[PDB]
Amino acid sequence: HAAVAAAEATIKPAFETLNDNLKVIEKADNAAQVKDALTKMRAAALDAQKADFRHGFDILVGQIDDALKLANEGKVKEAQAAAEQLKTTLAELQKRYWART
Amino acid sequence: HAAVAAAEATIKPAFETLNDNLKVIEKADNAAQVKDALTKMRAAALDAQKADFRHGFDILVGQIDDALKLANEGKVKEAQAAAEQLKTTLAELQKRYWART
Amino acid sequence: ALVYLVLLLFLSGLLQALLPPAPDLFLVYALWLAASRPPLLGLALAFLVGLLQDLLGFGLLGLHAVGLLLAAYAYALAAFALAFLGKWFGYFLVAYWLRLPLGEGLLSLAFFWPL
Amino acid sequence: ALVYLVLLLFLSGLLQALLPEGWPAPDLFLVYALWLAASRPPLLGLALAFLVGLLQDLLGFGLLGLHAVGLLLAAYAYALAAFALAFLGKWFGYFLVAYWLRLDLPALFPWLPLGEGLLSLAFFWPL
Amino acid sequence: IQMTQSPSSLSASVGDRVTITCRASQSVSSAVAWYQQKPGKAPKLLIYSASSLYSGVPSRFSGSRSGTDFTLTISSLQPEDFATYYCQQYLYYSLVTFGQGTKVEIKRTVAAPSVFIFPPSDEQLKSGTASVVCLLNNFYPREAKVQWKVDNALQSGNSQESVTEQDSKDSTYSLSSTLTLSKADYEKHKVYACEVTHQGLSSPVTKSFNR
Amino acid sequence: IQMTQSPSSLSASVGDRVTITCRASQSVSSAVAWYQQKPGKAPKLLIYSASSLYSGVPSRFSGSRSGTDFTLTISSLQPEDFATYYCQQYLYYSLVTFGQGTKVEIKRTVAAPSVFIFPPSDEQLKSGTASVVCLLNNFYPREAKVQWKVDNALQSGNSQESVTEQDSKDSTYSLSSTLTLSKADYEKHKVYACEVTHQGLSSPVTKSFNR
Amino acid sequence: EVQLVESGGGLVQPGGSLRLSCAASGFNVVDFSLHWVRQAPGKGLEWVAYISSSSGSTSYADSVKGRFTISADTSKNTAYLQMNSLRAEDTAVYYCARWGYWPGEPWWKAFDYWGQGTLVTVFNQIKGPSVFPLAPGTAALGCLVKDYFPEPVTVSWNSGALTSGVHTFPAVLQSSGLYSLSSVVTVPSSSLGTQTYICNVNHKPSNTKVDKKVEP
Amino acid sequence: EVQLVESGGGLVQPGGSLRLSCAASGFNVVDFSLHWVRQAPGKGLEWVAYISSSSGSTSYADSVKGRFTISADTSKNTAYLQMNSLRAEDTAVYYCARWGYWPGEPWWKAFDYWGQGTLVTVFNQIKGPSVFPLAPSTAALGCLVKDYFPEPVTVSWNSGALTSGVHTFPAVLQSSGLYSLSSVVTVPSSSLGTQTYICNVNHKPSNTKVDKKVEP
Amino acid sequence: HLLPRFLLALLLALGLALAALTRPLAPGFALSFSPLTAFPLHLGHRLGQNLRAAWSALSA
Amino acid sequence: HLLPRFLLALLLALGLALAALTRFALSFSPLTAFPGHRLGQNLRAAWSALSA
């Protein structure tokens, strides 16, 4: 319990931020809320990286930039479609991380 | 030991914010920093009040406003003199709190 | 330091010879040591003080040592109210393990508060 | 829950009957207490392991509490990294019990601890 | 200090649940208030001390505090809560700062705009300035990027957009982009066009006139 | 996002320790950089990633991070470290916001100001504007409130103040408050005065002229 | 009933002076500090100045310090805000707030009661509108009202007879400093050349009434 | 050596168009995004626009979107910032920044290398100074320079003979949009009536040379 | 977090207490750290045999 | 922080171990003997009960 809680006290809030804000993107219907949600999602992605595993986040942050760039041009519809591919990548990191801990 | 440590986890950081900012006031020599220090100090005084003892903080908050009013006009020398009387009241709340816990 | 312990024994004996609710003078002695000292030293010293009272009393060894050990860990007036409750939790724990009040705390509080 | 426990006794019994001498065996009790103490709340997790720890000693040729203290620390210590720390926590219980009981530590080649952990990891990972 | 409020604009229909987030730059203890400004009238107090409720407001409004992050929650948007909500902190008489302001709007299905182009009038050319107008009627949502192209060259810096508010019947906006050019610059080119990029449009629509 | 930086102006002598605090509005992970802008030149990077030292700068500069609160600490000042320090976050290419700006100044003993008052010249009155000038020379610190009284009535909104930089020999400021009045308004009154309230002065001193 | 009323707002030349008064009724100024907050057209609220008549204190926002001078008169139970050297960014609606005194609940109430608010606009000149027609299944036509000041202007079609589908966009302050709004209406293309559409504009401040006729 | 130089800054009428170019030397624009940041005179830094030539993306600040148009040219190794509809708040010093590409360390480097910076000022008109003497009552005297544009103006006393105690306060932008600075010098009162103090001002843009004499 | 931390100390103490009261009376006892249980066929009497030994030295 | 909790378990174990090694309603009152034979008499009883 102590060993697991060490990982939970370190990276779980970072993963909880990514998952919670990933529902906002699938729910928001304007470029003002998709860009704002991705800003918090990127801020946690860099924060989680500090704590192969590191190279697994360079792909994730790169996909946030790809989705944030589309949402910045005013194409909210493309951003939500481009954030779906982020869900699979994020889910792979959680499955890989819980195996390691 | 558990009961004493519980009290520290509740209000001790609030008293650390009050005391640390009480030394910046006597060290700074411009109204820009005295007003800035008192702003952080007041936010801690209200926060500690939330957690006869409550009436003790009404005197403390009232004296912060009186010192902050002088520092607002630009009388930095008077604000530091008026913050000296604040220290005695703040010290009394320490001794009254340690007796209750 | 050791002056209180010497006075602790004589004062306790006089009360026993003139009682029909007694001040647990060893609880306040343990808490005084357990307060200033670090938690590692405070717990150990409480056990010895509780054991010393247990040796000089007509009770099973370790009954008071457990009671003071939890009291030191449970532990200013708010803490002492919970600290005294912790000691009596230890007494009921040992009593149930072997399968076998207010006045004490208030009298004890009259000694812990000055110290 | 109870389904695995019944199979645990049969599997442990078969290992006892025919075990290669001088070779380790999987700690089937460790991989069971960890499963119960993982998802369950921490207050229940510690209590469940202690009950399992006593059950192992009651059914084993050992003094009571030798494994109960070990498994209680194992559940508290506790996925691959946690299991390695949890397995190390259990052996800390044996040394604590042995030193507190003031007894003689039996000879322990490095194969036995490493062998028990690796075999136990083979059972905990699927579960 | 500084106060940040998000989102800056949200849409929710009748009976839906709305959460508005307001985060202070530094700790303000529990001195945060929430106001509701109907369009064209004075603000009204809703929540004081960031967790209480002002007497005289419906009980659906609720407040919360999490460290330095504050939240206003509406249980069910009756058709009387579609207004702008401002997050205020009042740590001291001399440090009162308001939030940006969240506006709540009705939600409906996406409707594509109908784009019209209006050449400048002959009378207007007498004055010396020509102003072409690109018109959009009965569209939703409000976001619609109108770009002005002259001789297939993008125009920037001389276009003003004014968006009307939602109608009381169909809840649709209407945008009017006006491009202002001097008479000398108007005569040099021949073809003008405004393109509209909207969700309801599969591809951008360019209504153009050449003169 | 928003980036608050404090203190906005601090004084420290050579060999002293300086702490500058920067607090982001929301979490920015470790994306904070600190710059040093000498007066009239481009900023130079000092700290990147909020904790690492950029190669090429003296090792005395150091950075720190505590959640969302950042800090730039100078171990020991030198006469080459007196310039404006800015706090920047670079979370994304399009979300870059700089701090307000902290200026470091030389610290010396308090010196009282000498106040002068200059009546408008007759040549200036020909044009139609009169501008009296209140002058302060060789005072420290910078803060010196100059209030204009005309017929013992406080004047507001028609005064411009300009403060020179620190001197290179004695490190003293110099303030010049200019009160601008139209010729018609100047002739109506008869007594003018500027008061100076400064630490070096036990009581405010008013220099006045009547004409 | 507690209420606050303002006055004094109106057209002012840039660099001029204007005086706003907040006549408070239903309480005493000595028991509550009065605050002034302004809202620029289409933006959020902003704090301006405050006075605590009981203590005599006074503070201003950093953006307006040195120009505004707020004073209170308990005898007349009002609060004044003298505005000097007005610039182009001081156009707003000034609300007169209210606030209790520490300690107790009234301090936590914050700005419980607000005034109606007066519109202060800085102007360099006022002139009437110049309406230009916009020549045109649904077809849309309208009249452009450009270079007019100040607000408001009422646009009616056929003297109010035609009111279906008429949109009047909010005025936008141009670079030159004059408002300009356009009004459009959608009509069927079959009747486009059958009935005459007349656009009329009313500008009360300039007493300008122009009746413009739109033709295809 | 990595360096960036800008050009094109200068006097522009309000509402006019100006083009700023950031000539990059020592590196390739394709490998580093170029950002533009402006600093208003005497204020803090502010972000303006950026272009990522590798991907073609482009963003602007909220207060600048819709006017500026930033483009890059890999062949000429420069990045151009086209400025349209300039207003009075666009007077600043525009710096050209550099920033690496994610991922890796270069992204964390932030704006490691900066340009020299070009001054862009919007102007209504340029006129020479009109210096008015300040009559002395240690006696202090000086020449007040009022209604001059643009910066800078150099004040020398007795053709540079006097340089002790001479203070030249920074120019302050008046309401009308023209700077006005004053310079003073403290001299002993014994020699006030024995020698003549002559203040001369030079204005390079207007080629104005005025020789004003101060008298008691 | 206080209760689970306190519970660990309490349950650990109970486990060690059972150990001192159940140490084999024969001096020089060899320990078997291996977690080998008894055969399922003999578990019917193995539990009873071992429980009685612990209960014999528990009460007094 | 972890060590004192471990020390609590160890010291509490001795108190419980001695409780069963020297075991009638218990006297909860903390009344020590009136002021020397009590120390000798009680100490010898514990040693005798330990052997049995």
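The letters A, B, C, D, E, F, G, H, I and J name the chains in turn, as written, and every chain counts its residues from 1.
The working rule: contacts are C-beta pairs under 8 Å (C-beta built on N, C-alpha and C of every residue); 3 or more make two chains touch, one makes a residue touch a chain.
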Enter the minimum step count from chain B to chain H; a value of 1 means the two chains touch.
2
Among B-F, A-E or B-E, which chain pair copies the contacts of A-F, with over half of them the same by residue number?
B-E
Geometric centre distance via CA averages, chain E-chain D, whole Å:
64
Could you state the distance in Å from the CA-based centre of chain D to that of chain F?
70
Rounded to a whole Å, what is the gap between the Cα centroids of chain A and chain C?
56
Dist(centroid_CA(chain G), centroid_CA(chain I)) in Å evaluates to 85
Expected list for chain J, residues touching two or more other chains, is 8, 10, 12-13, 16-17, 20, 23
Would you pick out the residues of chain A that each touch at least 2 other chains?
65, 72
Can you tell me which residues of chain D touch two or more of the remaining chains?
42, 46, 76, 100
Within their complex, chain G touches chain H through residues 15, 85, 87, 175
What residues of chain B sit close enough to touch chain C in their complex?
1-4, 7, 98-101
Which of the residues in chain A come into contact with chain F in the complex?
39-40, 42-44, 46-47, 50, 65, 68, 72
Okay, in this complex, where on chain I does chain J touch?
5-6, 8-10, 12-14, 16-17, 20-21, 58, 60
Residue numbers of chain G touching chain B in their complex, please.
55, 57, 59, 102-103
